[PDB]
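Next up: just one chain, as structure tokens, the form deposited in one PDB entry.
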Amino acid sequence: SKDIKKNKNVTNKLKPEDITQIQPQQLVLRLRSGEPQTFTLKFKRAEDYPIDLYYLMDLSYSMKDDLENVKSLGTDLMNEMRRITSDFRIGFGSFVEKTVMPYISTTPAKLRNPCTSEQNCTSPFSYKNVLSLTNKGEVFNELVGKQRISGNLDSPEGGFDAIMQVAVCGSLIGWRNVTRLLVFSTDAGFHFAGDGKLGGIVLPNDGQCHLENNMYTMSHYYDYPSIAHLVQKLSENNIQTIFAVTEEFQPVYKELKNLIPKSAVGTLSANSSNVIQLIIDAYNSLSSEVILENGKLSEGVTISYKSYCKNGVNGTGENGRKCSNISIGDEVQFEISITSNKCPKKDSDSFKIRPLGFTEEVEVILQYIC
């Protein structure tokens, strides 16, 4: 049998974060010897959902011109974002590289000023959390204006270390239980797990926060994160990543986006001018698609998805777990069928179904007729 247990209707002044965008939220399925039991999930895109955006920027020397064009981004993005949100917060972080040989020069001179002596570059660093999430865009402009460009030796940069920190450092970044945006801005490729071995870093990234005075202090000790490690911690801490990378590295980051769920790629201009419109285009792209995930499923039991998206386009297979072209406030529906076989222990299996990027989840509780 199939018996729904919880089903608060979807939402439609002032509203906190207790909005319901998915229904039902808890049901129990009794499963016979291979009998499909099907139920329907309804999703409605909230009209006005708050936004957290953390701006993580490459501050190596090739980004010198960009750093100048971001001195006002906090107020500019905030004003543009008000045409989307009533509750927006902004943050800023910077990264360069692991601060060890061979990725940086280790002469006392170049350790002080890694650039060509003439420039006013500050020392290389792994990750700096300049400004935690705040609604005061005035503070963003002030603090970004005080940041100094840096430099290092090899072309691909160390952003993956900083990405891991931003996702797993939680309250030190300031994340609320809202839609979380991490903007990754760079003009080069990336290092990842395995690259550390050249500098004698042969211990995998441990996926913990290691900030001291808003500085990552463990880049000399933990390797770069892998793609898979970033996937885990980005998903687990519910962060949607926007890759703002220059044209020549569009091929690289577009493939990266295909491996990172709820990620987007936009083309960054020379001195990073279209960053606002790029971000807006990304949010609309991220916000117009919902992707359902289910937790770990028991062995011998199978799950299938069917989508009923807008314009009655019905997708099957892996296309059934996602819908696109979702306007603000629109409703879509998914029917999910579960079919059993044997019957494991306890008879009390409970997995979650969740839309990627959101905290709301549907608890599907299973009972097996033995």
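Note that residue numbering follows the sequence shown and begins at 1. By rigid core we mean the largest C-alpha set that fits within 1.5 Å across both forms.
Below, we refer to the form deposited in another entry, which is not included among the displayed structures.
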Exceeds or equals 2 Å, Cα of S60 between this form and the one not shown, core fit
no
Establish whether a shift of 2 Å or more occurs at the C-alpha of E299 between this form and the one not shown, with the two forms superposed on the rigid core.
yes
Superposing on the rigid core, is the CA of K310 displaced by 2 Å or more between this form and the one not shown?
no
